[PDB]
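Each chain, letter by letter, is given below.
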Amino acid sequence: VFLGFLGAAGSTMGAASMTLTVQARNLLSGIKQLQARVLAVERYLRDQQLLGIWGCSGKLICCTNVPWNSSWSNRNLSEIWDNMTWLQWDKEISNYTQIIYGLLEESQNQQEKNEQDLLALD
Amino acid sequence: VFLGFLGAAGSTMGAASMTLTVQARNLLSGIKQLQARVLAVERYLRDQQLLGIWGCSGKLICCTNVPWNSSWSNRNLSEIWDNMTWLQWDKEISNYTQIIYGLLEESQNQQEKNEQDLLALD
Amino acid sequence: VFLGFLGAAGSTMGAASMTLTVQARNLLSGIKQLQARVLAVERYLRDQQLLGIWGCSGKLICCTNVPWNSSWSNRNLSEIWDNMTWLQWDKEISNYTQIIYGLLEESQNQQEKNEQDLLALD
Amino acid sequence: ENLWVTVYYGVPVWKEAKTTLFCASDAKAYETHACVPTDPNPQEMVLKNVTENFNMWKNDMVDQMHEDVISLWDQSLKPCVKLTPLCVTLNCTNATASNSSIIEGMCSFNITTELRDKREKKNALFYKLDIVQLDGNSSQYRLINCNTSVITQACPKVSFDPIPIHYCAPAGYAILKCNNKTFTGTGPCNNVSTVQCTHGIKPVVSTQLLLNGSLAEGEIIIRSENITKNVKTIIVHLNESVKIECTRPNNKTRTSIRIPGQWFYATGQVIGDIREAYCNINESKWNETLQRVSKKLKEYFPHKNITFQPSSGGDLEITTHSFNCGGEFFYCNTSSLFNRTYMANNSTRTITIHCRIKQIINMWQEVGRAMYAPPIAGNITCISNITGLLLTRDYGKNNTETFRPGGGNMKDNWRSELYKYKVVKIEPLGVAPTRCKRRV
Amino acid sequence: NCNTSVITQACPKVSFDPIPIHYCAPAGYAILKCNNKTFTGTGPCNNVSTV
Amino acid sequence: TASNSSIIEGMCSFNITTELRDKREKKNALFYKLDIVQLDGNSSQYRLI
Amino acid sequence: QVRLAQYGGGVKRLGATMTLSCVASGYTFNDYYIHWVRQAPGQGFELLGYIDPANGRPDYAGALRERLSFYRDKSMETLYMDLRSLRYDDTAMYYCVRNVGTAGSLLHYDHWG
Ligand SMILES: *[C@@H]1O[C@H](CO)[C@@H](O[C@@H]2O[C@H](CO)[C@@H](O[C@@H]3O[C@H](CO[C@H]4O[C@H](CO[C@H]5O[C@H](CO)[C@@H](O)[C@H](O)[C@@H]5O)[C@@H](O)[C@H](O)[C@@H]4O)[C@@H](O)[C@H](O[C@H]4O[C@H](CO)[C@@H](O)[C@H](O)[C@@H]4O)[C@@H]3O)[C@H](O)[C@H]2NC(C)=O)[C@H](O)[C@H]1NC(C)=O
Ligand SMILES: *[C@@H]1O[C@H](CO)[C@@H](O[C@@H]2O[C@H](CO)[C@@H](O[C@@H]3O[C@H](CO)[C@@H](O)[C@H](O[C@H]4O[C@H](CO)[C@@H](O)[C@H](O)[C@@H]4O)[C@@H]3O)[C@H](O)[C@H]2NC(C)=O)[C@H](O)[C@H]1NC(C)=O
Ligand SMILES: *[C@@H]1O[C@H](CO)[C@@H](O[C@@H]2O[C@H](CO)[C@@H](O)[C@H](O)[C@H]2NC(C)=O)[C@H](O)[C@H]1NC(C)=O
Ligand SMILES: *[C@@H]1O[C@H](CO)[C@@H](O)[C@H](O)[C@H]1NC(C)=O
Ligand SMILES: *[C@@H]1O[C@H](CO)[C@@H](O)[C@H](O)[C@H]1NC(C)=O
Ligand SMILES: *[C@@H]1O[C@H](CO)[C@@H](O)[C@H](O)[C@H]1NC(C)=O
């Protein structure tokens, strides 16, 4: 079903926070036009399994064990959280997105191994 | 592996409850017959991610925060839970299945946002 | 991203335990060479949903309710856990892998139904 | 009270919908079908206390496999020689054999061979059914379908035959069977069962009746549409096989004519004295079967007599029993078989029926495309099991109904076999109420 | 060869030549190389590597 | 053939094989002079463009 | 879109054999049955017979099985009546009609020539 898809752009972080589900919904639907559907299957999985390696499984919003670093710039953002709007934050943070994912994966390995040993005290 | 697939039809809600896993198992296997396999990849994902928007992640049986409404008819069903069998229940409830999913999604947004703020008190 | 893929082979159980994520990462990328990509979509799902029927959802390492049986041989393995290396254990345990999965599925049904009744005391 | 929503996964409920069905193959083959697809071993389970409606008219997979049969025939016939340069003018006198009027082509003509220098004179042997007479002098002749379409010779070593085929469901789709014995072609079955794939359905091509097929469970079953009494075709399914013995007694001499790397095949000469090809029927089995069929058909029609005649008018595919055996196509006179009448109130003797054979056959559903059968050397004998009839009805009047054979449309022949199965789509996400909340 | 087959002229501007080709594995499949020098065409390598 | 000929200028006989491959038969048809090009030598010879 | 042109007719002499022809234009020729209907003046319509163009199968009325004949040519998609031994009562307006039918049964008529 298609209604309000990407309409929350132009609003803030927190305003689009309750409407993330609408954008989360979309996996819908010569002669050789089948292949693009396969691409729609692929990239979403390449998104979804990626969340699986961070431990942010399933749920749309979660926190993690990795603290923030000022090496990824030190914008205050506390008042800019309710103006921003979205895209400028993406171009700002795109200098460091490739690096943070390794921190998330290593912290997930820390959590899994320490919790597995703690249960292994049984 | 194929054994007992859809054989539990003709039994009750509760009888088929322990045998739902057999039906959950099946994602098996001119010249252009490949495409149907892609469809088998698609619809299951369109099922599975749908459970992800309700918060009923992974597990075959769960409850949710949305209460029942007599606007979706008010069958007693307490003795009919052990007769029914299955198909007339779908034929009855199909008048309102398109509506309840929005209630589930909104309640999931309630749970996620309230729990995120409660942890945000840290 | 490709780095250190399958490089942990030749090490132990526990050494490759922290490097399982690298192998978990890989779902990357005449004229009719498209079809193999579809296979890469299929088998991983046939892996992933299989974990869903055991209740070991998402996380790379977990325990389960099924106890060990000496009918699947009775190797001590406690000192061999830090030598083994990996493949010989696979050929040893391959005589009984087809049987243990039913035990896992039945124990998952036990957990789901008993927990559902315990919450159904509400 | 205190009820809340819950969801369930793996729900046993289904809808009815169209889909694309998968097919199976066999280990041994002629050698798109010869090595593919897979050849699995199916299993069947009984759906206890399940009642489901079936309809053998509205179901879709018959048309699907009709398209599959056409596509496999086209893909098999595609790497073959085109017989275009044979369309030159033929001068036939036809007086070589002891008798000439039986076959009447024995026809000289000019053909380019292996140099493109100038056409050389050749002669061959042909049947008068495939030959048409040009205007003016009668000795001028032409091939029958070359005023309408191109004609392709089938390569003899890739010959297609009734190999049994299993139709596999895709994932998420289930096949229902209706194992009840007295299923009438429509209505509710209370004997529903499920498989992964169907049994070995064979691509049988025949007219006026069907053969090499399955058999009924009880007595003879009659399937028909019930929207109106005006019916196109009524299917009769036998519970007891009757044997037919077909024979072409003469031996033939294959000769090859070179046209590039192709090599056209023609007939050279018949060996020995000429005998007309014929088929044989056990008379007692046939007349007893006709009596049982008529006395079972008068259940539907209350007070009127039952009478049979052969068909009238149309091409040879409906006036005669046509089929294929070996590499040769047979057309059988059925006038003597269907001459009976009855009022409304074990192997003695043998009926012999005369036949004719022709090489150029149109596609069995369609004109504007034709194929040339290659000649087959030696005498040919065949034995087959006839399993049912395809009948049509006249109007008639008071006190008398009338039934005559028909069935030129090949699709109803496969509809006589796939009446059992049906395809359903699984809907495993049924919601429910429960007396339990969620953790907050 | 015209007594046996048809003959086709190759178009000169689409001429095919030994362009080096790399064979890529699909996802979930790995390629083993055996970097040992004295490999005899069969047997066990103890110098296994992956690309 | 027509009342005026210079407008369209094909009204052109030719030999065509038909339905027998015996020998080509004479036919004639009607064409536009834009689609017709003039062969060398005699002007009455013409070709398709 | 579909058209059923008819040719032949006018005045025919008594006792002779007559032929009518029809041409169908804009549909799949094998799919639909063709019926032949007539109307005498001062009388209602009545059916003579019908034809399947795919296999050439005819069917005729009870009183006129000996005098009628239908056939067709599939390449020029043309249909022909022959009627033998014309009598004075055959003065009529003659039409071909296309028939709509299911996979097993026949239904109402759609178009008239
Ligand atoms: C070039 O290609 C074409 C197409 O592939 C070849 O086919 C020929 O096409 C022409 C034009 O359509 C046809 O002419 C018509 O023939 C009708 C019948 O003529 C003969 O056929 C009858 C046999 O068929 C039926 O027989 C009886 C009833 O006759 C049925 O019971 C039976 O079931 C058969 O269905 C003969 O019985 C009949 O006596 C003729 O010998 C004509 O009726 C038709 O209309 C004409 O009718 C009147 C004169 O009879 C008059 O009003 C008009 O003249 C009107 O035109 C028309 O002439 C050919 O029949 C057809 N030949 C076939 C199918 O074999 C064509 O052969 C090919 N060219 C060459 C040179 O080969
Ligand atoms: C219905 O069922 C019957 C019962 O089986 C069936 O009759 C059989 O048909 C097959 C094939 O049509 C016959 O097999 C032939 O037998 C002869 C003699 O053994 C062989 O020479 C034949 O070989 C041909 O094909 C080879 C490979 O292409 C060629 O190399 C060779 O030269 C031949 O051309 C062929 O195997 C069989 O004899 C009969 N009878 C029996 C008793 O089995 C019938 O065909 C089925 N179908 C129909 C439509 O009736
Ligand atoms: C099969 O039944 C037919 C029809 O009853 C039999 O044909 C009849 O045979 C008798 C003599 O045997 C003739 O007097 C009749 O004229 C025949 N009726 C026909 C041909 O319609 C036939 O004999 C029976 N065959 C067997 C083997 O019992
Ligand atoms: C098959 O269906 C008919 C339909 O009424 C029924 O009479 C018959 O009993 C059924 N067969 C069995 C074995 O129940
Ligand atoms: C049927 O039998 C009767 C018996 O008199 C005969 O007159 C008629 O010609 C026969 N018809 C056929 C088609 O054999
Ligand atoms: C390569 O394999 C042979 C086989 O015995 C072995 O002798 C040789 O030492 C190996 N090469 C290296 C560098 O180890």
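Here the numbering of residues is sequential along each chain, from 1 in written sequence order, and it may depart from the entry's numbering. Residues without coordinates do not appear. Following the order in which they are written, the chains are lettered starting with A and the ligands numbered starting with 1. The assembly from which these chains come is larger than what is shown, and the figures reported cover only the shown chains. Only hydrogens and water are set aside when side-chain values are computed; all heavy atoms of the structure are taken into account. Residues with missing side-chain atoms are left out of burial classes, side-chain pairs and their counts.

Per the PDB entry, chain G goes by CH235.12 Fab Heavy Chain and derives from Homo sapiens.

By the naming in the PDB entry, chain A goes by Glycoprotein 41 and is assigned to Human immunodeficiency virus 1.

### Some thoughts on the site of ligand 3
All names here are of chain D. A molecule or strand has a residue near it when one of that residue's heavy atoms lies within 4 Å. For ligand 3, the full set of nearby residues is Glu283, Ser284, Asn287 and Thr348. Pairs of N or O atoms within 3.5 Å make up the polar contacts considered here, provided that, within protein, one atom can donate a hydrogen while the other can accept it, and that residues adjacent in sequence are counted only when both atoms are side-chain atoms. Between ligand 3 and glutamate 283, the relevant distance is 2.6 Å, taken from a nitrogen atom to a side-chain nitrogen or oxygen of the residue. Within the side chain of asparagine 287, one N or O atom sits 2.4 Å away from an oxygen atom of ligand 3. The Shrake-Rupley method, run with a 1.4 Å probe, gives the accessible areas here. Residue values count only the displayed protein chains as cover. In the complex, the protein chains occlude 36% of the 580 Å² of accessible area that ligand 3 would expose alone. Each residue is assigned to one of three groups, with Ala, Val, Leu, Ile, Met, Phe, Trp, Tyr, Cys and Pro labelled nonpolar, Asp, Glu, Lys and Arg labelled charged, and all others, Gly among them, labelled polar. Its residues placed into classes, the shell around ligand 3 shows no nonpolar, 3 polar and 1 charged.

### Digging into the site of ligand 5
All names here are of chain D. Every residue near ligand 5 is listed here: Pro310, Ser335 and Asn339. Side-chain polar atom of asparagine 339 to an oxygen atom of ligand 5: 2.4 Å apart, as the coordinates give it. When isolated, ligand 5 has an accessible area of 360 Å², and the protein chains bury 27% of it.

### Here we look at a positive patch on the surface
On the surface, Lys118 and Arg119 of chain D together with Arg21, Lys23 and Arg24 of chain F cluster together into a patch of positive charge. On the secondary structure map, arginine 119 of chain D appears in the loop between β7 (108–111) and β8 (120–123). A patch consists of residues exposed above 30% relative accessible area that lack any salt bridge, with like charges linked at up to 9 Å and nonpolar side chains (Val, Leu, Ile, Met, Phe, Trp, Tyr) linked at up to 5 Å. In the sections that follow, a salt bridge refers to a side-chain nitrogen of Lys or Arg positioned within 4 Å of a carboxyl oxygen of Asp or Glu. Counted charges follow a simple rule, with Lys and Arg positive, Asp and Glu negative, and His plus the chain ends left uncounted. Each charge is placed at NZ for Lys, CZ for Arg, CG for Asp and CD for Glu. Comment: elements are numbered from the N terminus, with helices defined as DSSP H or I runs of at least four residues and strands as E runs of at least two.

### Observations concerning the nonpolar core
The criterion is simple. A nonpolar core is a set of buried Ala, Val, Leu, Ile, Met, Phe, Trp, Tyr and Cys residues joined through side-chain atoms within 4.5 Å. Only protein chains enter the accessibility calculation, which uses a 1.4 Å probe; a residue is then buried when its area is under 20% of its type maximum, exposed when over 50%, and partly exposed in between. Core analysis: the biggest nonpolar cluster contains 60 residues, and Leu45, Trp54 and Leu104 of chain B together with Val5, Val7 and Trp14 of chain D have the highest contact counts within it. No other element matches the 7 residues that helix α3 (residues 35–54) of chain B contributes to this core. Contacts of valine 5 of chain D, omitting those with residues within four sequence positions, involve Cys63, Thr64, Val66, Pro67, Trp68, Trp72, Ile100 and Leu104 of chain B together with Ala432 and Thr434 of chain D. Membership of the second largest hydrophobic core comes to 40 residues, among which are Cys246, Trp286, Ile351 and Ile380 of chain D. Every residue pair with non-hydrogen atoms within 4.5 Å of one another is taken to be in contact.

### Quick notes on the pattern of salt bridges
For side chains of opposite charge, pairing can occur when their charged atoms come near one another. As enumerated under the stated definition, the model contains 33 salt bridges over all chains in all. Measuring nitrogen to oxygen at the nearest pair gives 3.0 Å for the salt bridge that ties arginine 37 of chain B to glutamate 42 of chain C. In this pair, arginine 37 of chain B sits in helix α3 while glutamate 42 of chain C sits in helix α3 (residues 35–54), so the two residues belong to two different chains. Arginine 37 of chain B gets classed as partly exposed once you look at its relative accessible area, which sits at 27%. The buried category is assigned to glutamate 42 of chain C, whose relative accessible area is 10%. Salt-bridge contacts for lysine 422 of chain D lead to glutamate 52 of chain D; the nearest nitrogen and oxygen are separated by 3.3 Å. The residues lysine 422 of chain D and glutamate 52 of chain D share a single accessibility class, namely buried.

### Description of unusual backbone geometry
Here the bond from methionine 84 of chain A into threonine 85 of chain A is cis, since omega is 15°, no more than 30 degrees from zero. Checked against the element boundaries, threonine 85 of chain A lands in the loop between α3 (35–54) and α4 (87–93). Of note, the amide linkage connecting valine 36 of chain D to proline 37 of chain D takes the cis form, showing an omega dihedral of -5°. Looking at the element boundaries, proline 37 of chain D is found in the loop between β3 (22–23) and β4 (44–46). Positive phi values are uncommon outside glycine, yet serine 73 of chain B reaches one of about 70°. If you trace the backbone, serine 73 of chain B turns up in the loop between β1 (61–67) and α4 (87–93). Even without being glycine, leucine 6 of chain C reaches a positive phi, approximately 65°. Note that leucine 6 of chain C resides in the segment before α1 (13–17).

### Things to note about the state of the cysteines
Residues and elements named next belong to chain D. Note on terminology: pairs of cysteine sulfur atoms within 2.5 Å are recorded as disulfides. For the coordinates displayed, the defined rule picks out 8 disulfides over all chains. The residue that forms a disulfide with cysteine 325 is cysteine 382, at a sulfur-sulfur distance of 2.0 Å. Its S-S torsion of about -120° marks the bond between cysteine 325 and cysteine 382 as left-handed, since a negative value means left-handed. One exposure class covers both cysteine 325 and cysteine 382, and it is buried. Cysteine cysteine 23 shares no disulfide, and the gap to the nearest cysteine sulfur, in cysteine 168, comes to 7.4 Å.

### Details of the arrangement of the chains
Taken together, the 9 pairs of chains in contact show their highest number of contacts between chains B and D. With respect to C-alpha atoms, chain A approaches chain D no nearer than 15 Å, and the pair has no contact. At the C-alpha level, the nearest point of chain B lies 34 Å from chain F, with no contact between them.

### Details of the sheet that holds strand β13 (residues 173–176) of chain D
Residues and elements named next belong to chain D. Here the rule is simple: two strands pair whenever DSSP picks up at least two bridges between them. Strand order across the open sheet formed by 5 strands is β2-β31-β13-β15-β4, with antiparallel pairing between neighbours. The open sheet has two edge strands, β2 (14–16) and β4, and neither has a second partner. Taking each pair of neighbouring strands and ignoring which way they run, the sheet shows an average axis angle of 40°. Judged from the 3 bridges that link them, β2 and strand β31 (residues 422–426) form a sheet pairing that is antiparallel. Residue pairing in the sheet places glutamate 16 in a bridge with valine 424 of β31. Axis definition: a line fitted to C-alpha atoms, limited for helices to the stretch in contact. Angles are taken between N-to-C directions and run from 0 to 180 degrees.

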